[PDB]
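Beneath this line is the structure, given in structure tokens, with notes to follow.
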Amino acid sequence: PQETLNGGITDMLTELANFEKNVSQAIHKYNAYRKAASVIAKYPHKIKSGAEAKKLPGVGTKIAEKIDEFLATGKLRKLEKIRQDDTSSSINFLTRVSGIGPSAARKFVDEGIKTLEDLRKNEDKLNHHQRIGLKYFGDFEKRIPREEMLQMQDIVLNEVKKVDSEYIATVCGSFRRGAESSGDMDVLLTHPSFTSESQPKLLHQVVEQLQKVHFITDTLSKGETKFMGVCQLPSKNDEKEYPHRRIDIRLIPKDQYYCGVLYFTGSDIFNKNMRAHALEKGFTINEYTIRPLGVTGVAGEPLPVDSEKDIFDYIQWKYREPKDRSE
DNA sequence: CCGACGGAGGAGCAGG
DNA sequence: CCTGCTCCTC
DNA sequence: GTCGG
Ligand code: NA
Ligand code: NA
């Protein structure tokens, strides 16, 4: 489906999804609009009526009449009303700052704070995460081309190995699927001395090392198993400096590693279909484990995983390269 | 009509 | 001073 | 909001 096929409908749906998530605080309506927006973005026809799209799974009654109004008028009275509503469109924008969710964006707006400059003039009311998110507001919305993502992986792998050569570090996300651009770098990390029962400064030593070589610049949150922070590639001679990028590093036990590697590689749709055969054939998948069913349904014990396709094999799927796990 | 819709690690303070 | 849940992210 | 009980 081309850039201008049902793009008017899909943009409007995701715009409704954003309003529901940020303003209404209805993550399930938000996921519902995203689902209908996704299934229409794979529909190989131009829609002429709401009932035409309602055949698709995820599109129902209320969305069909929203599609019907859009076709007739090229707009939606409600959606256009939401745009011009100063307090709703303010809550929407403020959530684009990392660390400002739907709950904090309303507090800011009700006490008059509605812009970045308003936030920069009220640093006292921001926590550490939100001060960083405000600082790199422009950088964090930029995409990361693959060439820079691979240079970023060069540093991560090089410094990870030089702390302990038995660390296993895998960069996941769309980058692992050959995507020409990413939004952030996701790092999955494990060590043979950490299992479901296991000197776990392991995440700390890795984070510290990338800080000393000045890859990591800021810390949004840091704990035993999960790191979220900011990084930046070094600048070359007199050329302008690279934008700061979001990076997360997780320490997963060695047994649950390839479940996590599978899950955090995506795509989620690809996980929604793969998740949805496992149960078809008697297995339940989550981020951590593959577990057998379950003649009523409820299950017991996690099984051994030593490779990503170890999971593919019990489900009995020809291993799919990350190259083609778009769905 | 009603319940499910992914879910957990980490940060952090209003109430008393 | 003590308590302990909401928020955010991906 | 939608789907499935
Ligand atoms: Na439908
Ligand atoms: Na945000």
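Order of the sequence lines fixes the chain letters, A, B, ..., with proteins taken first and strands second; residue numbering starts at 1 for each chain. Scope of the values below: all heavy atoms of this structure, side chains included, with no hydrogens, waters or symmetry mates.
- Among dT9(C), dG1(D), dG9(B), the nucleotide with an atom closest to any side-chain atom of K62(A) is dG1(D).
- Close to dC10(C), at under 4.0 Å from its OP1 or OP2, lies a side-chain N or O of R246(A).
- When distances run from any side-chain atom of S221(A) to the nucleotides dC8(C), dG10(B), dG1(D), the shortest one goes to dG10(B).
- Distances shorter than 4.0 Å separate some side-chain N or O of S103(A) from OP1 or OP2 on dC7(C).
- Here the separation of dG6(B) from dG4(D), taken at their P atoms, is 15 Å to the nearest Å.
- Dashed line: the shortest gap from a side-chain N or O of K29(A) to OP1 or OP2 of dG1(D) is under 4.0 Å.
- Note that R325(A) lies in the cation-pi zone of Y319(A), set by a 6.0 Å cut-off to the ring centre and a 45° limit from the axis.
- With hydrogens and angles left out, the side chain of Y263(A) and the base of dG7(B) share no donor-acceptor pair within 3.5 Å.
- The aromatic ring centres of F137(A) and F93(A) sit less than 6.0 Å apart.
- Dashed line: the shortest gap from a side-chain N or O of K66(A) to OP1 or OP2 of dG1(D) is under 4.0 Å.
- Counted by atom type alone, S89(A) and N92(A) present zero donor-acceptor pairs between their side chains at under 3.5 Å.
- Taking the side chain of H28(A) as heavy atoms from C-beta on, and the options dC5(B), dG12(B), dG9(B), the nearest nucleotide is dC5(B).
- Each of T219(A) and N31(A) was assigned the nucleotide of DNA chain B with the nearest heavy atom; the assignment lying further toward the 5' end belongs to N31(A).
- Under the Watson-Crick and G-U wobble criteria, each requiring two contacts below 3.5 Å, nucleotide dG4(C) is paired to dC13(B).
- Using a 4.0 Å heavy-atom criterion, one finds that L56(A) contacts the sugar-phosphate atoms exclusively.
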